[PDB]
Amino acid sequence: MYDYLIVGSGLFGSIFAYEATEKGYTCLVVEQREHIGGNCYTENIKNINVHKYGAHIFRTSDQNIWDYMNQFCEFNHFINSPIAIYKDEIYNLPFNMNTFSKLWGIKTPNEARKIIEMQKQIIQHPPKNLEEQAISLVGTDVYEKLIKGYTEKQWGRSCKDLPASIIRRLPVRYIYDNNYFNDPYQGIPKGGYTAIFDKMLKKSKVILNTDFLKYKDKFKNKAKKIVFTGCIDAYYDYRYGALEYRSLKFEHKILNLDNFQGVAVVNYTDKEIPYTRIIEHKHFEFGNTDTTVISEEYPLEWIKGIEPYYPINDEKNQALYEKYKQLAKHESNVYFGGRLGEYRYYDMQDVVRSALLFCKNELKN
């Protein structure tokens, strides 16, 4: 019998596993996939660390969190500066002067601001939908070329058919600066993410290719306490219904050339282009090989049983989640954590913070 049974070997489960075993507790980690790491998992393909479940760029404003992850790796100086392709046009992300000079053929911050403000102001009443919402935030030109088609692919319907709540803010900076994240600490682990999980899970017993739910009673009996980082609704047999998600599908391709797109991340904002993004993984670690691996990111219509990527978090799903959470609060020695256990989108720094806080309260002697 173990001290802890941990379901899932992602960032939350692995950090807890590491912290618990460092304090002398025994941990059994049960993982359904054929590998560890969760959605942060990287696979070495043709000497390139491939972000299998989408681009993962670590960033934080918390030095303690940054220092924590540095125990397991060294971060390079990768700066995310994504490119957006719209039909035959190409723009810099995030919305900055590089974007604005290209869009309108202007040069000064005042020129850009004048156009942004005049275009935002065509909306003179509270937005009735997502289209009016986005326009009220950044104006028509930015919306049509950089937001509209991309969003309609992600959601599978017109922005006029979508609620305004989906986009709360759209930051604009009047500086020539393509730095996507404003955080002081940013980078990619040298050697990939998976090696971090190897270190975290070294003192744990890890079982792969095993769905905990297919052996629920068997595994519960193997430990005194359970940390579940899978879907909370799935743990409770979806008895109240499945918490709604949006999904994705990645098509990975090995290409016989050294440099496909010249940047790690390219957004395709035209609705007629089926993929939302193309990821060229070698640029994450400044790779110098004669071949490259790219991943085409496709929206995938979600239903129960399909990979849960982005939680919806609307009112009805939050109400549903609170019902499951109430079940959880009354099940002693079973704890739910992570993006799936708490039905929320966690940045990596957010789950590190969440995991460590749980560790501080849970782990004693």
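Each residue number is its position in the shown sequence, starting from 1.
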The stretch whose C-alpha atoms carry the larger average B-factor in the entry, 307 to 315 or 40 to 48, is 40 to 48
Between 249 to 257 and 130 to 138, the record assigns the higher mean Cα B factor to 249 to 257
Scanning 280, 144, 88, 161 for peak Cα temperature factor in the entry gives 88
Among 173, 214, 120, 148, the highest C-alpha B-factor in the PDB entry belongs to 173
For residue 100, the third of its chain by CA B-factor is the lowest
Residue 32: C-alpha B-factor third of its chain, per the entry, is the lowest
Of the three thirds of Cα B-factor ranks in this chain, residue 13 occupies the middle
Quick tally, chain-level thirds of C-alpha B-factors: residue 329 sits in the highest
Sorting the chain's modelled residues by C-alpha B-factor and splitting them into thirds places residue 25 in the highest
